[PDB]
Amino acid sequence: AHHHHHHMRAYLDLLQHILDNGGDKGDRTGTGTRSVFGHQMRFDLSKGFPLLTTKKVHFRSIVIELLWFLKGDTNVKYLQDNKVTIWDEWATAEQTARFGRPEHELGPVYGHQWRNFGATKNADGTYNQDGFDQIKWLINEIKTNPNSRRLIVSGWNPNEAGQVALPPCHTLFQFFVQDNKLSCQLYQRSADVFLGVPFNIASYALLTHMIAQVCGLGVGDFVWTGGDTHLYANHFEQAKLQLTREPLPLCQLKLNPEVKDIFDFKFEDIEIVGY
């Protein structure tokens, strides 16, 4: 029998649960889904990094995307300069015109929500810097008040969720400190368990390690919580294949220990190595 490591066991348990117990949606046209509403998985970050089924080659793009969010940038050029294509589909002139904005501009996606939540718009067409820098506040609160029960970052502004191609699926996240270890929980309103969930878990587990380092903490658990948690019917066979695949090796994150500032990480500071 295949003996999967803990993180992959939890992920495969989710795939199996959706395949076997998910409710059916869709009619006679268009790809259907099986889904459940409400799911939760826990990953002890001291027991390996939860890369799950993410290919190591794609980890590069996960890192660069996270650095882009952390910079507060919502223009695609930084990603394209780094050969990361994750957001290209929604940054074409055709796609940005759907929201009345210029090519390369994604609108108020994660970077804006994280670094400038609720800012107002200037007559020059850009955001004023009068929003709320949730990342800066968070780091300061962890350092000065680690027992805070509101170490929260929200990606959700209802006035703006309808003004982007993909209303933020990584909707809100929260941190927690216990025994000098930093834990994080992500609330994901919508989760494609096959194509999206592994990447999102890797992204937020990475962020947890980065914040832990700059605050002088160890890592606790990453807790993944899903709302509409679904598997598209064109992936049922591929999901069944994943369930029967040989176990993947454990891996661990290695961060440049000299980085002391959450906004000072570069791509080369972050790597995956053997456990």
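Sequential numbering from 1, following the sequence displayed.
- Higher mean CA temperature factor between 236-244 and 65-73: 236-244, per the PDB entry.
- Higher mean CA temperature factor between 53-61 and 37-45: 53-61, per the PDB entry.
- Remark: of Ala119, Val164, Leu195, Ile135, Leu195 shows the highest value [criterion: C-alpha B-factor in the PDB entry].
- When the Cα B-factors of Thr229, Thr225, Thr208, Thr29 are read from the PDB record, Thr29 comes out highest.
- The PDB entry assigns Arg101 a C-alpha temperature factor belonging to the highest third of its chain's modelled residues.
- Ranked against the other modelled residues of its chain, the C-alpha B-factor of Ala93 as given in the entry falls in the highest third.
- When all modelled residues of the chain are sorted by CA temperature factor, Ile86 is found within the highest third.
- In the deposited entry, the Cα temperature factor of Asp130 sits in the middle third of values across the chain's modelled residues.
- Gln80 sits in the highest third of its chain by CA B factor, as recorded in the PDB entry.
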